[PDB]
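One structure is given here, and the rest of the page talks about it.
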Amino acid sequence: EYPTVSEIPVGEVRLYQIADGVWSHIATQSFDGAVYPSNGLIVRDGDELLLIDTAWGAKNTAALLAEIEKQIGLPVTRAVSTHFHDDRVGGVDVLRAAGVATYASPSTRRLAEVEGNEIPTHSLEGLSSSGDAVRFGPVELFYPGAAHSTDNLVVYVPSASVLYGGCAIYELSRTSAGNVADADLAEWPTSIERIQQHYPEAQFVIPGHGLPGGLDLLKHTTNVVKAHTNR
Ligand SMILES: C[C@H](CS)C(=O)N[C@@H](C(=O)O)c1ccc(O)cc1
Ligand SMILES: [Zn+2]
Ligand SMILES: [Zn+2]
Ligand SMILES: [Zn+2]
């Protein structure tokens with residue numbers, strides 16, 4: 001069963017196979033007095049691996065690369081960060097030093113610089129406007145519009161029907177809003193609807209934090225976000 005926040009010591013990383021050629025990676029971090037789990041994705045790219053998001057910091061991301069070599073044994077050659085927060089780009093320098101080509105949109109790279117977070121090296125083109133989708137190796141990158149952040153991207157794995165929502169999609173256990181500091185609360189439901197219209201075939205939906213589920217996570221997120229706005 002999927003590892004939970006209490007099952008991962010901070011500094012360790014676990015992998016969970018979702019489908020053939022698709023894993024999530026799961027780490028934990030102490031943040032503002034509490035312990036949170038955090039997910040990213042690993043997607044087989046021929047005889048290489050594509051990474052979606054760091055494991056939230058240099059230590060965790062070094063542990064991620066070690067666990068990938070131990071459990072999978074294919075080299076990570078590219079990585080995409082899905083927004084500019086530390087749980088997505090924290091560890092990009094570890095990746096860069098290990099020879100991983102790190103990617104993000106121009107908006108994510110800009111916002112990371114403003115915030116003082118690590119900056120992915122490469123810029124992704126074609127994701128500037130809501131509804132834009134681009135193929136990137138074995139995934140499709142999709143910009144649904146502003147939500148958890150203005151730059152947030154989602155990732156679809158067509159061979160496996162896996163939708164990676166990142167932090168724009170909440171796990172079912174979360175029934176109140178979390179980090180809204182950089183969010184566009186008003187647009188977030190409309191952006192989630194764009195995802196639902198674009199990836200109706202998704203079987204697995206992976207949130208940025210916590211347990212995977214189905215497409216139900218999309219409505220769930222909309223429910224919680226709207227309830228926060230109306231506080
Ligand atoms: C440090 C990251 C940057 S996105 C963060 O703030 N994450 C919160 C969020 O994503 O809203 C959060 C995740 C899980 C929870 O249970 C509660 C809050
Ligand atoms: Zn975030
Ligand atoms: Zn997050
Ligand atoms: Zn719900």
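Ligands are numbered from 1 in the order shown, residues from 1 within each chain, and chains are lettered A, B, ... in the order they appear in the structure tokens.
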Sorted by chain and rising residue number, which residues of chain A lie within 7 Å of ligand 1, and what are their closest atom pairs and distances in Å to one decimal, counting only C-alpha atoms and all ligand atoms, as JSON lines?
{"residue": "A:31", "atom": "CA", "partner": "ligand 1", "partner_atom_place_in_ligand_line": "1 (C)", "distance": 6.4}
{"residue": "A:36", "atom": "CA", "partner": "ligand 1", "partner_atom_place_in_ligand_line": "14 (C)", "distance": 5.7}
{"residue": "A:37", "atom": "CA", "partner": "ligand 1", "partner_atom_place_in_ligand_line": "14 (C)", "distance": 6.8}
{"residue": "A:85", "atom": "CA", "partner": "ligand 1", "partner_atom_place_in_ligand_line": "3 (C)", "distance": 5.5}
{"residue": "A:86", "atom": "CA", "partner": "ligand 1", "partner_atom_place_in_ligand_line": "3 (C)", "distance": 6.4}
{"residue": "A:87", "atom": "CA", "partner": "ligand 1", "partner_atom_place_in_ligand_line": "3 (C)", "distance": 5.6}
{"residue": "A:167", "atom": "CA", "partner": "ligand 1", "partner_atom_place_in_ligand_line": "10 (O)", "distance": 5.1}
{"residue": "A:174", "atom": "CA", "partner": "ligand 1", "partner_atom_place_in_ligand_line": "16 (O)", "distance": 6.0}
{"residue": "A:177", "atom": "CA", "partner": "ligand 1", "partner_atom_place_in_ligand_line": "11 (O)", "distance": 6.4}
{"residue": "A:178", "atom": "CA", "partner": "ligand 1", "partner_atom_place_in_ligand_line": "11 (O)", "distance": 3.7}
{"residue": "A:179", "atom": "CA", "partner": "ligand 1", "partner_atom_place_in_ligand_line": "11 (O)", "distance": 3.6}
{"residue": "A:180", "atom": "CA", "partner": "ligand 1", "partner_atom_place_in_ligand_line": "11 (O)", "distance": 6.5}
{"residue": "A:208", "atom": "CA", "partner": "ligand 1", "partner_atom_place_in_ligand_line": "10 (O)", "distance": 6.8}
{"residue": "A:209", "atom": "CA", "partner": "ligand 1", "partner_atom_place_in_ligand_line": "14 (C)", "distance": 5.3}
Quick one: write out the picked residues with C-alpha atoms as a PDB file, in the first residue's frame?
ATOM      1  CA  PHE A  31       7.856  22.456   7.334  1.00  0.00           C
ATOM      2  CA  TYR A  36       4.400  16.632   5.392  1.00  0.00           C
ATOM      3  CA  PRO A  37       4.762  13.954   2.723  1.00  0.00           C
ATOM      4  CA  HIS A  85       8.199  26.007  -4.587  1.00  0.00           C
ATOM      5  CA  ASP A  86      10.972  24.203  -2.703  1.00  0.00           C
ATOM      6  CA  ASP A  87       9.215  20.845  -2.787  1.00  0.00           C
ATOM      7  CA  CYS A 167       0.201  20.580  -5.813  1.00  0.00           C
ATOM      8  CA  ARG A 174      -7.071  16.944   2.974  1.00  0.00           C
ATOM      9  CA  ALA A 177      -6.870  24.402   2.075  1.00  0.00           C
ATOM     10  CA  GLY A 178      -3.156  24.376   2.738  1.00  0.00           C
ATOM     11  CA  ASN A 179      -0.575  26.620   1.119  1.00  0.00           C
ATOM     12  CA  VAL A 180      -2.490  29.442  -0.553  1.00  0.00           C
ATOM     13  CA  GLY A 208       1.597  16.650  -5.031  1.00  0.00           C
ATOM     14  CA  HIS A 209       1.197  15.472  -1.418  1.00  0.00           C
TER      15      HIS A 209
END
Checklist entry - Skipping near chain neighbours, those fewer than 6 positions away, what residues fall within 10 Å of residue A:40 using only C-alpha atoms, listed as a VMD selection string? => result chain A and resid 15 23 to 27 51 to 56 80 to 82 87 to 88 164 to 166 206 to 209
Dump as an mmCIF file, in the first residue's frame, selection limited to C-alpha atoms:
data_model
loop_
_atom_site.group_PDB
_atom_site.id
_atom_site.type_symbol
_atom_site.label_atom_id
_atom_site.label_comp_id
_atom_site.auth_asym_id
_atom_site.auth_seq_id
_atom_site.Cartn_x
_atom_site.Cartn_y
_atom_site.Cartn_z
ATOM 1 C CA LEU A 15 9.401 4.597 -4.607
ATOM 2 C CA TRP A 23 6.695 5.236 -10.253
ATOM 3 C CA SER A 24 6.006 7.909 -7.747
ATOM 4 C CA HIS A 25 8.692 9.003 -5.345
ATOM 5 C CA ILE A 26 7.729 9.909 -1.806
ATOM 6 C CA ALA A 27 9.650 11.996 0.714
ATOM 7 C CA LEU A 51 12.002 12.730 -13.263
ATOM 8 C CA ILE A 52 9.026 14.944 -12.342
ATOM 9 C CA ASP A 53 9.930 17.168 -9.375
ATOM 10 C CA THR A 54 12.655 16.988 -6.749
ATOM 11 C CA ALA A 55 12.137 15.210 -3.424
ATOM 12 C CA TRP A 56 11.968 18.537 -1.519
ATOM 13 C CA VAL A 80 10.801 18.726 -14.982
ATOM 14 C CA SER A 81 9.763 20.906 -12.027
ATOM 15 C CA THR A 82 6.021 21.575 -11.975
ATOM 16 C CA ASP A 87 9.215 20.845 -2.787
ATOM 17 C CA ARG A 88 9.474 20.967 -6.605
ATOM 18 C CA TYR A 164 0.225 13.799 -12.100
ATOM 19 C CA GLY A 165 -1.576 16.801 -10.626
ATOM 20 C CA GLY A 166 1.213 18.126 -8.472
ATOM 21 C CA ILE A 206 -1.238 11.582 -8.230
ATOM 22 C CA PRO A 207 -1.440 14.631 -5.974
ATOM 23 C CA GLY A 208 1.597 16.650 -5.031
ATOM 24 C CA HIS A 209 1.197 15.472 -1.418
#
Next on the checklist: I'd like to know which residues of stretch 21-114 of chain A are helix (DSSP H, G or I) (by DSSP, run on the backbone); could you write them as a PyMOL selection string?
Outcome noted: chain A and resi 58-71+86-89+92-97+106-114
Residues as selected, N, CA and C atoms, written as a tab-separated table (two decimals), in the first residue's frame, can you do that?
chain	number	residue	atom	x	y	z
A	58	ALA	N	17.90	19.28	-0.90
A	58	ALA	CA	19.13	18.62	-1.34
A	58	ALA	C	19.30	17.23	-0.73
A	59	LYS	N	19.15	17.11	0.59
A	59	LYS	CA	19.35	15.80	1.22
A	59	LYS	C	18.39	14.77	0.66
A	60	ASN	N	17.10	15.11	0.61
A	60	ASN	CA	16.12	14.15	0.12
A	60	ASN	C	16.39	13.79	-1.34
A	61	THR	N	16.79	14.77	-2.14
A	61	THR	CA	16.99	14.54	-3.56
A	61	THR	C	18.22	13.68	-3.80
A	62	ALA	N	19.26	13.83	-2.97
A	62	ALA	CA	20.37	12.87	-3.05
A	62	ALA	C	19.88	11.47	-2.70
A	63	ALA	N	19.03	11.37	-1.69
A	63	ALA	CA	18.48	10.08	-1.32
A	63	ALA	C	17.60	9.51	-2.43
A	64	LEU	N	16.84	10.37	-3.11
A	64	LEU	CA	16.07	9.96	-4.28
A	64	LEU	C	16.95	9.29	-5.34
A	65	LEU	N	18.04	9.94	-5.73
A	65	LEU	CA	18.89	9.39	-6.78
A	65	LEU	C	19.47	8.05	-6.35
A	66	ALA	N	19.87	7.93	-5.09
A	66	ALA	CA	20.37	6.65	-4.58
A	66	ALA	C	19.30	5.56	-4.65
A	67	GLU	N	18.06	5.88	-4.28
A	67	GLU	CA	17.00	4.88	-4.28
A	67	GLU	C	16.63	4.48	-5.70
A	68	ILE	N	16.69	5.43	-6.63
A	68	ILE	CA	16.45	5.12	-8.04
A	68	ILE	C	17.52	4.14	-8.55
A	69	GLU	N	18.78	4.37	-8.19
A	69	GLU	CA	19.82	3.46	-8.67
A	69	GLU	C	19.66	2.09	-8.03
A	70	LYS	N	19.35	2.07	-6.73
A	70	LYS	CA	19.15	0.81	-6.03
A	70	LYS	C	17.96	0.04	-6.59
A	71	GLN	N	16.82	0.70	-6.81
A	71	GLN	CA	15.60	-0.03	-7.12
A	71	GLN	C	15.32	-0.17	-8.61
A	86	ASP	N	9.81	24.99	-3.11
A	86	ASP	CA	10.97	24.20	-2.70
A	86	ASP	C	10.74	22.71	-2.79
A	87	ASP	N	9.50	22.27	-2.68
A	87	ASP	CA	9.22	20.85	-2.79
A	87	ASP	C	9.26	20.36	-4.24
A	88	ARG	N	9.38	21.28	-5.19
A	88	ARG	CA	9.47	20.97	-6.61
A	88	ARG	C	10.85	21.23	-7.20
A	89	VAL	N	11.53	22.29	-6.75
A	89	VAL	CA	12.85	22.66	-7.25
A	89	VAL	C	13.95	22.50	-6.21
A	92	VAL	N	17.45	20.86	-7.11
A	92	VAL	CA	17.80	20.96	-8.52
A	92	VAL	C	19.32	21.00	-8.70
A	93	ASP	N	20.05	21.63	-7.76
A	93	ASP	CA	21.50	21.65	-7.85
A	93	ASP	C	22.10	20.25	-7.66
A	94	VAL	N	21.52	19.43	-6.78
A	94	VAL	CA	21.93	18.03	-6.65
A	94	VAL	C	21.73	17.30	-7.97
A	95	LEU	N	20.56	17.49	-8.58
A	95	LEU	CA	20.29	16.90	-9.89
A	95	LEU	C	21.30	17.37	-10.92
A	96	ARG	N	21.55	18.67	-10.97
A	96	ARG	CA	22.46	19.21	-11.97
A	96	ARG	C	23.85	18.63	-11.81
A	97	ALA	N	24.33	18.52	-10.57
A	97	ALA	CA	25.64	17.95	-10.31
A	97	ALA	C	25.73	16.48	-10.72
A	106	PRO	N	9.40	29.04	-18.39
A	106	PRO	CA	9.96	30.37	-18.10
A	106	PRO	C	9.34	31.01	-16.88
A	107	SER	N	8.03	30.83	-16.70
A	107	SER	CA	7.36	31.40	-15.52
A	107	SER	C	7.87	30.78	-14.23
A	108	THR	N	8.00	29.44	-14.19
A	108	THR	CA	8.55	28.79	-13.01
A	108	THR	C	9.98	29.26	-12.73
A	109	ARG	N	10.82	29.35	-13.77
A	109	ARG	CA	12.21	29.77	-13.56
A	109	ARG	C	12.27	31.20	-13.01
A	110	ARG	N	11.41	32.08	-13.52
A	110	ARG	CA	11.34	33.45	-13.04
A	110	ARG	C	10.88	33.52	-11.59
A	111	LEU	N	9.76	32.85	-11.29
A	111	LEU	CA	9.24	32.86	-9.93
A	111	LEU	C	10.21	32.21	-8.95
A	112	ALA	N	10.93	31.16	-9.38
A	112	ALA	CA	11.93	30.58	-8.48
A	112	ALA	C	13.03	31.58	-8.17
A	113	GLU	N	13.46	32.35	-9.18
A	113	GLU	CA	14.50	33.35	-8.95
A	113	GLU	C	14.01	34.42	-7.99
A	114	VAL	N	12.78	34.90	-8.18
A	114	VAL	CA	12.22	35.93	-7.30
A	114	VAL	C	12.18	35.42	-5.87
Item to check | Gap from atom CA of residue A:140 to atom CA of residue A:156 - Å, one decimal | outcome: 5.1 Å
Checklist entry - Hey, which residues come within 9 Å of ligand 4 if we count only C-alpha atoms and all ligand atoms? Could you give them as a ChimeraX atom specification? => result /A:170-175,216-224
Write the residues of the preceding selection, restricted to N, CA, C and O atoms, as a PDB file, in the first residue's frame.
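To be explicit, this is the file written out as again16.pdb:
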ATOM      1  N   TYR A 170      -5.291  18.077  -4.679  1.00  0.00           N
ATOM      2  CA  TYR A 170      -5.232  17.611  -3.296  1.00  0.00           C
ATOM      3  C   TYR A 170      -5.623  16.136  -3.151  1.00  0.00           C
ATOM      4  O   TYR A 170      -6.568  15.658  -3.791  1.00  0.00           O
ATOM      5  N   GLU A 171      -4.932  15.436  -2.250  1.00  0.00           N
ATOM      6  CA  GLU A 171      -5.379  14.123  -1.813  1.00  0.00           C
ATOM      7  C   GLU A 171      -6.708  14.225  -1.047  1.00  0.00           C
ATOM      8  O   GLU A 171      -7.051  15.256  -0.463  1.00  0.00           O
ATOM      9  N   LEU A 172      -7.446  13.110  -1.032  1.00  0.00           N
ATOM     10  CA  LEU A 172      -8.773  13.087  -0.415  1.00  0.00           C
ATOM     11  C   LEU A 172      -8.721  13.361   1.086  1.00  0.00           C
ATOM     12  O   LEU A 172      -9.622  13.991   1.627  1.00  0.00           O
ATOM     13  N   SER A 173      -7.680  12.897   1.781  1.00  0.00           N
ATOM     14  CA  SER A 173      -7.576  13.143   3.222  1.00  0.00           C
ATOM     15  C   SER A 173      -7.540  14.623   3.599  1.00  0.00           C
ATOM     16  O   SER A 173      -7.835  14.953   4.750  1.00  0.00           O
ATOM     17  N   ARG A 174      -7.148  15.516   2.683  1.00  0.00           N
ATOM     18  CA  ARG A 174      -7.071  16.944   2.974  1.00  0.00           C
ATOM     19  C   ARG A 174      -8.433  17.589   2.711  1.00  0.00           C
ATOM     20  O   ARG A 174      -8.896  17.641   1.570  1.00  0.00           O
ATOM     21  N   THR A 175      -9.079  18.093   3.760  1.00  0.00           N
ATOM     22  CA  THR A 175     -10.407  18.672   3.603  1.00  0.00           C
ATOM     23  C   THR A 175     -10.433  20.161   3.885  1.00  0.00           C
ATOM     24  O   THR A 175     -11.508  20.749   3.948  1.00  0.00           O
ATOM     25  N   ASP A 216     -11.762  11.365  -9.188  1.00  0.00           N
ATOM     26  CA  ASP A 216     -12.443  11.961  -8.041  1.00  0.00           C
ATOM     27  C   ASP A 216     -11.596  13.023  -7.336  1.00  0.00           C
ATOM     28  O   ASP A 216     -12.147  13.944  -6.725  1.00  0.00           O
ATOM     29  N   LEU A 217     -10.267  12.914  -7.383  1.00  0.00           N
ATOM     30  CA  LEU A 217      -9.444  13.907  -6.694  1.00  0.00           C
ATOM     31  C   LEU A 217      -9.637  15.297  -7.282  1.00  0.00           C
ATOM     32  O   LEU A 217      -9.438  16.300  -6.577  1.00  0.00           O
ATOM     33  N   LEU A 218     -10.041  15.381  -8.545  1.00  0.00           N
ATOM     34  CA  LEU A 218     -10.225  16.682  -9.160  1.00  0.00           C
ATOM     35  C   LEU A 218     -11.417  17.413  -8.546  1.00  0.00           C
ATOM     36  O   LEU A 218     -11.281  18.558  -8.102  1.00  0.00           O
ATOM     37  N   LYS A 219     -12.588  16.758  -8.492  1.00  0.00           N
ATOM     38  CA  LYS A 219     -13.744  17.369  -7.850  1.00  0.00           C
ATOM     39  C   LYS A 219     -13.458  17.641  -6.388  1.00  0.00           C
ATOM     40  O   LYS A 219     -13.881  18.664  -5.841  1.00  0.00           O
ATOM     41  N   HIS A 220     -12.745  16.721  -5.733  1.00  0.00           N
ATOM     42  CA  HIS A 220     -12.435  16.888  -4.326  1.00  0.00           C
ATOM     43  C   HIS A 220     -11.679  18.185  -4.104  1.00  0.00           C
ATOM     44  O   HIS A 220     -12.002  18.969  -3.201  1.00  0.00           O
ATOM     45  N   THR A 221     -10.651  18.412  -4.923  1.00  0.00           N
ATOM     46  CA  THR A 221      -9.856  19.623  -4.814  1.00  0.00           C
ATOM     47  C   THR A 221     -10.720  20.863  -5.009  1.00  0.00           C
ATOM     48  O   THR A 221     -10.654  21.815  -4.217  1.00  0.00           O
ATOM     49  N   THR A 222     -11.528  20.875  -6.066  1.00  0.00           N
ATOM     50  CA  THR A 222     -12.465  21.968  -6.288  1.00  0.00           C
ATOM     51  C   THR A 222     -13.345  22.211  -5.065  1.00  0.00           C
ATOM     52  O   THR A 222     -13.576  23.361  -4.681  1.00  0.00           O
ATOM     53  N   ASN A 223     -13.885  21.143  -4.463  1.00  0.00           N
ATOM     54  CA  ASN A 223     -14.712  21.315  -3.270  1.00  0.00           C
ATOM     55  C   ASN A 223     -13.963  22.058  -2.168  1.00  0.00           C
ATOM     56  O   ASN A 223     -14.492  22.995  -1.551  1.00  0.00           O
ATOM     57  N   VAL A 224     -12.766  21.582  -1.843  1.00  0.00           N
ATOM     58  CA  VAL A 224     -11.997  22.147  -0.741  1.00  0.00           C
ATOM     59  C   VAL A 224     -11.590  23.584  -1.045  1.00  0.00           C
ATOM     60  O   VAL A 224     -11.628  24.454  -0.162  1.00  0.00           O
TER      61      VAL A 224
END
